[PDB]
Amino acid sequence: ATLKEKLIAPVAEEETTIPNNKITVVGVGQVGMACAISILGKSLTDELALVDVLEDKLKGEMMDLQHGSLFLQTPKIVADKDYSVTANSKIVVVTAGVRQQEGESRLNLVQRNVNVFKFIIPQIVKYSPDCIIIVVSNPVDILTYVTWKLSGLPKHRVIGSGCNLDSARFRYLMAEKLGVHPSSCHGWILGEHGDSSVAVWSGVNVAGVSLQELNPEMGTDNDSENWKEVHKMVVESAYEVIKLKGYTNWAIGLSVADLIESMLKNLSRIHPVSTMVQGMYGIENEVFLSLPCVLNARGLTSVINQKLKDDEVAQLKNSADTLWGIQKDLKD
């Protein structure tokens, strides 16, 4: 007999078991692995599944995480090119595909990554028909639209990581200038996770003190403090980090784990993530971009109607138009 047989006396009959809060990460690159480590570090899942086309890399990553199992609270970690390993996921994070080279627009990746997604998305829904999908691959807003169309899932189950990262960066820069913790500075970057994102100056506050009320020129070119530059630093951050280290991953890995925590803990916390915004702020096409949304175990259940300033509406409209310009020309 096995020493297993000698040591372990069953009390319950053998049974094949179904994970409670399984997460799949598709793509084990810089971003995929950073999401994986953040998810594991927060004990957010009882079963982590990884998928990539690079079989050796994939196995290598799986084994490295497994070797750290002692320090974790995730009893099953599996990896394969074959989507069968992904069955019964609560949440599937897609980080797979091409990324920006230095100075390259996220929008320039669309054609290559649409082809990647045309293969990936149907496999995901095949093995996890009841899942939530979080799209991370760029351009994140467009690929969220693409995923929604390809998957046939309702709007509340298809979410782009969107501006959760931009707002994090914004709140960090704000906190830098004020000497407080980013969590105590409040402000929203909305619209495209990209060059046309929108700083919602009207909602920026510390302890409910409206900063645009203290400084009505906030966000203009007529600004004593220089807030427009903060937004510009938010816009430029990815390019700057890509120029320095080649890609970004840590902040996004943390942003993604933040979103997953809200969903799997059923918290209904509000995050700026990418959703279908048709009919809001006079946006008349099926555009996906970020607005503040309520996230819980069902996914993205609500959007917050804001009282945006006229200029902010115009900026958000421009973002929708930029994104629609690309969306409209897509096939299948």
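The numbering used is simple: start at 1 and walk along the sequence shown.
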- Note on the structure: As the entry reports it, the stretch among 255-263 and 104-112 with higher mean C-alpha B factor is 104-112
- The stretch carrying the higher mean Cα B factor in the deposited entry, 281-289 or 264-272, is 281-289
- Item | Maximum C-alpha temperature factor, selected from 151, 164, 73, 137 | 151
- Options 129, 182, 246, 160 - largest CA temperature factor per the record: 129
- Query: Based on the entry's values, in what third of the chain does the Cα temperature factor of residue 95 lie: lowest, middle or highest?
  - Reply: lowest
- Item | Lowest, middle or highest third - CA B-factor, residue 171 | lowest
- Message: Considering every modelled residue of the chain and its Cα B-factor in the PDB entry, is residue 308 in the lowest, middle or highest third?
- Response: middle
- Task: Comparing against every modelled residue in the chain, figure out the third that the C-alpha B-factor of residue 188 lands in (lowest, middle or highest).
- Result: middle
- Lowest, middle or highest third of the chain for the C-alpha temperature factor of residue 83? highest
